[PDB]
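Descriptive structure summary
If you want the building blocks of each chain, they are given just below.
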Amino acid sequence: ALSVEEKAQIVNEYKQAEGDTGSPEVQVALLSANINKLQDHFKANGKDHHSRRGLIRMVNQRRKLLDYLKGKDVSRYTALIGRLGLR
RNA sequence: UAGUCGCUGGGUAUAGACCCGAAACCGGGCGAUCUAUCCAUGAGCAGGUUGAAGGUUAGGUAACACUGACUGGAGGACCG
């Protein structure tokens, strides 16, 4: 998984009436942080496709959570596409 | 019951043995200023084409891919 220090760290800018861990600030961008740091083990273990099928499972679900923000909230979408180093 | 040693011729033997004439064989040298390779040290290859590997960049991807563009200037390469 992610680091025990980190998975409780990254929520500190996702707060937005802080008790939310459910809006797509969290399941995009905890999950975007899952994308950006678990690249490491692939370089050593390139013969195990079980771990990047989870990557494509949630980067679609991130894009699915981008897809609902296409219509529900375009303005807070700019906080996602403008930030995080996307695209 | 006649032979011997000359001398002059005719033959013969051994010597190049009437004269001329092989290809070749062997022994000592001479020669790689030609040529065949090699060794050292020098230098010659007008001009025009082609556009390999590498780079850079954009684009694309989990980084690897992978496609453009620009650059690059390879070759018992091409034309002369």
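Above this text sits the structure in question.
Let me sum up the structure you'll find in this document. Residue numbers count from 1 along every chain, following the sequence as written rather than necessarily the entry numbering; any residue without coordinates is not displayed. Chain labels run from A onward and ligand labels from 1 onward, assigned in the order the entries are written. All values in this entry refer to the displayed chains, which constitute part of a larger assembly. The basis for the side-chain values is all heavy atoms of the structure; hydrogens and waters are excluded.

Attention now moves to the overall build of chain A. A tally of helices and strands in chain A yields six helices and zero strands. By the criteria applied, helices consist of DSSP H or I runs no shorter than four residues and strands consist of E runs no shorter than two, each listed in order from the N terminus. Secondary structure elements of chain A occur, N-terminal to C-terminal, as α-α-α-α-α-α. C-alpha extents for chain A along the principal axes are approximately 40 × 30 × 20 Å. Relative accessibility under 20% of the residue-type maximum defines a buried residue, over 50% an exposed one, and the middle range a partly exposed one, all with a 1.4 Å probe and only protein chains included. Burial statistics for chain A: of 87 residues in total, 24% are counted as buried. Residue pairs at least 24 apart in sequence account for 52% of intrachain contacts in chain A once pairs closer than 6 positions are excluded. Only the protein chains shown count as cover for residues, with accessible areas throughout obtained via the Shrake-Rupley method and a probe of 1.4 Å. Carbon and sulfur atoms make up 53% of the accessible area of chain A, which amounts to about 6,200 Å² in all. The contact criterion used throughout is that any non-hydrogen atoms of two residues lie within 4.5 Å.

The subject of this paragraph is the nonpolar core. Put simply, buried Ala, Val, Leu, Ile, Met, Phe, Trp, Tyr and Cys residues joined by side-chain atoms within 4.5 Å make one nonpolar core. Core analysis: the biggest nonpolar cluster contains nine residues, these being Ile10, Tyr14, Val26, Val28, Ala29, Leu66, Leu69, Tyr77 and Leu80. For this core, the secondary structure elements donating two or more residues are α2 (26-29) and α5 (52-69). Sorting elements by how many residues they give to this core places α2 first, with three residues.

This brings us to the pattern of salt bridges. When a carboxyl oxygen of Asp or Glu is within 4 Å of a side-chain nitrogen of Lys or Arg, the pair counts as a salt bridge. Scanning the model with the defined rule gives three salt bridges in all. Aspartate 67 is the partner of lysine 70 in a salt bridge, and the nearest nitrogen-oxygen pair spans 3.8 Å. Residue class for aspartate 67 comes out partly exposed when judged on its relative accessible area of 46%. Residues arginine 76 and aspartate 73 are paired through a salt bridge, measuring 3.4 Å at the closest nitrogen-oxygen approach. Accessibility expressed as a relative area gives 18% for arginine 76, which makes it buried.

What follows concerns the environment of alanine 1. Inspection of the secondary structure assignment puts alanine 1 in the segment before α1 (4-7). Sequence separation of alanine 1 and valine 59 is 58 residues, and the distance between their C-alpha atoms is 16 Å. Setting aside residues up to four positions removed in sequence, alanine 1 forms contacts with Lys7, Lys37 and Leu38.

With that settled, the discussion passes to α5. Helix span, as expected, comes to 1.5 Å for every residue beyond the first. Relative to the 26 Å expected for 18 residues at 1.5 Å per residue, α5 spans 25 Å between its end C-alpha atoms, a close match to the ideal helical length. Close packing links the buried residues of α5 with α2, α3 (31-37) and α6 (78-81).

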